Amino acid sequence: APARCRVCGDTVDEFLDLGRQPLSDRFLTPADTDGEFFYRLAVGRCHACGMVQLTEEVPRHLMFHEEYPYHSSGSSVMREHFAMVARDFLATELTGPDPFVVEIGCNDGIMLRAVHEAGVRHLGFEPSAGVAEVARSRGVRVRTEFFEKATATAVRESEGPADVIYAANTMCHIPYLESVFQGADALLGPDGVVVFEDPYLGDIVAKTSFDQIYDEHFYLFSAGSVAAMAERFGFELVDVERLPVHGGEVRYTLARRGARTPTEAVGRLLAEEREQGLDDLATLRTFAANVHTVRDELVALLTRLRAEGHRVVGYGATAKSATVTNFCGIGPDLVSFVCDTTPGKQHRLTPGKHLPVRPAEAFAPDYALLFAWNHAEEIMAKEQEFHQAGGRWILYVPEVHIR
Ligand SMILES: Nc1ncnc2c1ncn2[C@@H]1O[C@H](CSCC[C@H](N)C(=O)O)[C@@H](O)[C@H]1O
Ligand SMILES: Cc1cn([C@H]2C[C@H](O)[C@@H](COP(=O)(O)O)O2)c(=O)[nH]c1=O
Ligand SMILES: [Zn+2]
């Protein structure tokens, strides 16, 4: 029997079943292995409001806790991006004599750092206690708390109204959006905005990039779903922008209903989504057929390659890759190990399928399976050596192909 929509409570129509999955970032020490968590990863569309979402939630505190392993400042290009975000806010929203910006999911303080440094009052919400502490050491004010209604309301009471509430790669992790927006209601000034950027459903379908579907991406936002969501909560979609990062995102700007005028980009994106059928169950079924084809093809290839004695190695032990390995039944018998630059992932086995993770230097095989497809260019150039040697790259986004 079907899931209830986490926004409006109506029935969700499941369109893709990705099977039993581990938590995407629980890399196993061989010393433990035993009590590995699995859940059923599948995706559906609310029948009333069209919000695309997972049909089983992972409990928030099993993902967001004291050992949260994703550190934002690992990425130089993401450090640059969030500096730019900070500068953009200071030029446009945080222009007053004593403004205030709240960030949901501030992580190691990669964006709020630049706001603090501009002398602007701020507060991060970061429930993962470890990274929260990194943000604090860097001067950012942080509450080690989940942003929701009550926690947002107590910040209003002690610190006054916010001009901006920002969330980057965070809103799609939070099923309880109503509580989030009751929080925003309490906390924003009359003209304030909620601004969030997350993986975009349009790019997922166009690219068949189904490895964007894993535990921490409860929602696959579009302009259409976000607009309806907003409307339900007394908000309004007033700006949108497409971002190239993390495989394709949109940054959505909401204000309170009737408070701001929507930009021409909003209507434009809404019409694009409409003519492309992005709101149709039927389109999402085509996507799921395309995903099955990718699986069929990727498996057939890897098995052909093993029968012919070609060694295959994985490149990039991405959080996304968990979905591909578990969905495709790819274990050590089809890919011997995965090269990764993160030392907290090395000396360990990948979530669910338990591929050994070895350092980058281990790379120098006949074929390399490129899991970090969103950094393909960078990777293939760094490793020209390999492909000069007759090495070949198997990619599965947007299709199974070799290069
Ligand atoms: N209700 C909530 N309020 C605030 N942060 C939350 C939350 N639920 C999850 N998070 C946090 O959201 C983050 C998702 S990862 C995002 C960090 C990233 N570089 C960025 O773009 O901000 C984690 O650090 C996690 O602890
Ligand atoms: C770009 C790159 C990423 N990786 C891995 C590290 C991370 O685990 C992951 C990509 O992180 P991102 O999604 O935050 O950009 O891929 C490598 O091992 N080598 C590389 O050259
Ligand atoms: Zn709904």
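The first residue of the sequence shown is numbered 1, and numbering continues consecutively from there. Order of appearance sets the numbers: ligands from 1, and atoms from 1 within every ligand.
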Could you tell me which atoms of ligand 2, counted from 1 in the order shown, lie closer than 4.0 angstrom to a heavy atom of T342?
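Contacts of ligand 2 toward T342, numbered from 1: 8 (O).
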
Any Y166 side-chain heavy atom under 4.5 Å of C106 side chain:
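Contact flag for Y166/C106 side chains = no.
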
Got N326 and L41 here, is their nearest side-chain heavy-atom distance under 4.5 Å?
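Side-chain contact under 4.5 Å: no.
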
Nitrogen or oxygen atoms of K345 and ligand 2 under 3.5 Å apart
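Yes, at least one N or O pair falls under 3.5 Å.
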
Mind checking whether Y315 has a heavy atom under 4.0 Å from ligand 2?
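Contact present.
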
Applying a strict 4.0 Å limit to heavy atoms, is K382 in contact with ligand 2?
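For ligand 2, residue contact (heavy atoms, under 4.0 Å) with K382 is present.
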
Decide yes or no on side-chain contact (heavy atoms from CB on, under 4.5 Å) for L187 and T153, but give the supporting numbers first.
CA-CA 6 Å; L187 181 57; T153 300; over 6 Å; no

Where the closest heavy atom to atom 12 (O) of ligand 1 is concerned, which of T151, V180, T170 has it?
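It is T170 whose heavy atom sits nearest to atom 12 (O) of ligand 1.
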
Rounded to the nearest 10°, what angle sits at the Zn ion (ligand 3) between SG of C8 and SG of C5?
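The two atoms form an angle at the metal of about 110°.
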
Before moving on, can you tell me the angle at the Zn ion (ligand 3) between the SG atom of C46 and the SG atom of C49, to the nearest 10 degrees?
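Between SG of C46 and SG of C49, at the Zn ion (ligand 3), the angle is about 110°.
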
Should you measure from each heavy atom of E126, which atoms of ligand 1 turn up under 4.0 Å away?
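By the 4.0 Å cutoff, the relevant atoms are 11 (C), 23 (C), 24 (O), 25 (C), 26 (O).
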
Which atoms from ligand 1 have a heavy atom of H173 less than 4.0 Å away?
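Those of ligand 1 that fall under 4.0 Å from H173 are 14 (C).
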
Do the ring centers of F235 and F233 come within less than 6.0 Å of each other?
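No, too far apart.
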
Starting from [atom], which protein heavy atom do you reach first, and at what distance in Å?
atom	value
atom 17 (C) of ligand 1	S72 OG, 3.3 Å
atom 15 (O) of ligand 2	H375 NE2, 2.6 Å
atom 18 (O) of ligand 2	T341 N, 3.1 Å
atom 13 (O) of ligand 2	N374 ND2, 3.9 Å
atom 5 (C) of ligand 2	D340 OD2, 3.3 Å

Test: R268 and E272 ion pair at under 4.0 Å
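Salt bridge flag = no for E272 with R268.
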
Can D191 and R256 be counted as an ion pair, charged N to O under 4.0 angstrom?
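No salt bridge links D191 with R256.
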
At a non-hydrogen distance cut-off of under 4.0 Å, which region of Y70 contacts ligand 2 (side chain, backbone, both, or neither)?
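Just the side chain.
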
